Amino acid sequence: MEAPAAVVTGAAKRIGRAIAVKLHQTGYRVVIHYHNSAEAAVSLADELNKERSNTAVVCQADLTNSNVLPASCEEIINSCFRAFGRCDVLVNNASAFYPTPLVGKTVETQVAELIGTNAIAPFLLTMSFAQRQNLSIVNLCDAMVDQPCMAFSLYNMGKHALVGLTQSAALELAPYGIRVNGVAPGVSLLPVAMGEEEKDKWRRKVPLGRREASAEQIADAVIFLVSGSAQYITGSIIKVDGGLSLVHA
């Protein structure tokens, strides 16, 4: 059919959910990938299908690195083709985020989760996306990669690797007409359980309005990058951070 289709990873909640909704509002059919949040994913799909029948499906997968991750990533892309006959956009949003101090989970599990979700799964999804082909990929990066959270080495390594993928894939996929870009939030949606006192500490550091980005503001940048208004843009990462990364210690 004539409406384009997008895969959004980690789409049940928060930023991924807002991205899925905005893509849907723009006219895309969506694959809502999720790991543990089945109820939320299904709720979103039902909402979107109420708006337009047969325009949303869910796809469950763990994006932890392992021997089966390549197959899992191939399956996610295939789900979009099975549902909608095409796959125009891939949004790599899903992400593990927790500290891994240099000095519970084994360290190999932490590597698998943090590097898998933030870098390896994006790479494998990118491979599967390209092999099956205004086509574009958008990677959710992090404006703070050069001024990282203390004791978040593996997470930071994963997001750095994702910048490399964005560049490498933009270069390699350009001949196929597939653009590859990034959106780099600073502080957006905070953890719900984070105390407001801690939330406000982060908010007050942001020059532009002393507030976090909404999920919708992050989604707006993704929508620009997949649009016809970005058709010469490839290998670019758009910071959406309210000036946070410009603020010295």
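C-alpha atoms forming the largest set that superposes within 1.5 Å between two forms make up the rigid core. So that there is no doubt, residue numbering starts at 1 and follows the sequence shown.
Enquirer: Would you say which of 202-210 and 24-32 moves more relative to the shown form in 9 other deposited structures of this protein, going by RMS C-alpha distance with the core superposed?
Expert: Taking the RMS over all superposed structures in 9 other deposited structures of this protein, 202-210 lies farther out.
Enquirer: Checking the other PDB entries that cover both flanking residues: does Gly104 lack coordinates in at least a third?
Expert: Affirmative; at least a third of those entries omit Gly104.
Enquirer: I'd like to know the size of any gap between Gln133 and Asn134, counted in deposited residues with no coordinates: none, 1 to 3, 4 to 9, or 10 or more.
Expert: In the deposited sequence, 10 or more residues between these two have no coordinates.
Enquirer: Missing residues between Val103 and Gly104 in the deposited sequence, please: none, 1 to 3, 4 to 9, or 10 or more.
Expert: Per the deposited record, the segment joining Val103 and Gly104 lacks coordinates for 4 to 9 residues.
Enquirer: Averaging CA B factors per stretch from the PDB record, which one is higher: 56-64 or 186-194?
Expert: Higher mean C-alpha B-factor: 186-194.
Enquirer: Select between 104-112 and 167-175 the stretch whose C-alpha atoms have the higher average B-factor in the entry.
Expert: Going by the record's values, the stretch with the higher mean is 104-112.
Enquirer: In terms of recorded Cα temperature factor, pick the maximum from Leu162, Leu124, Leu154, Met150.
Expert: By C-alpha B-factor in the record, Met150 ranks first.
Enquirer: Pull the Cα B-factor of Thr234 out of the PDB entry and bin it into the chain's lowest, middle or highest third.
Expert: According to the entry, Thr234 has a C-alpha B-factor in the chain's lowest third.
Enquirer: Going by what the PDB entry lists, where does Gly209 fall on CA B-factor within its chain: lowest, middle or highest third?
Expert: Answer is middle: the recorded C-alpha B-factor places it there.
Enquirer: Lowest, middle or highest third: which one holds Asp146 when the chain's residues are ordered by CA B-factor from the entry?
Expert: Its C-alpha B-factor, which the entry lists for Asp146, ranks in the highest third among residues of this chain.
Enquirer: What third of the chain, by the recorded C-alpha B-factor, contains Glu51?
Expert: Top third by C-alpha B-factor.
Enquirer: What third of the chain, by the recorded C-alpha B-factor, contains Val247?
Expert: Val247: CA B-factor falls in the middle third of its chain.
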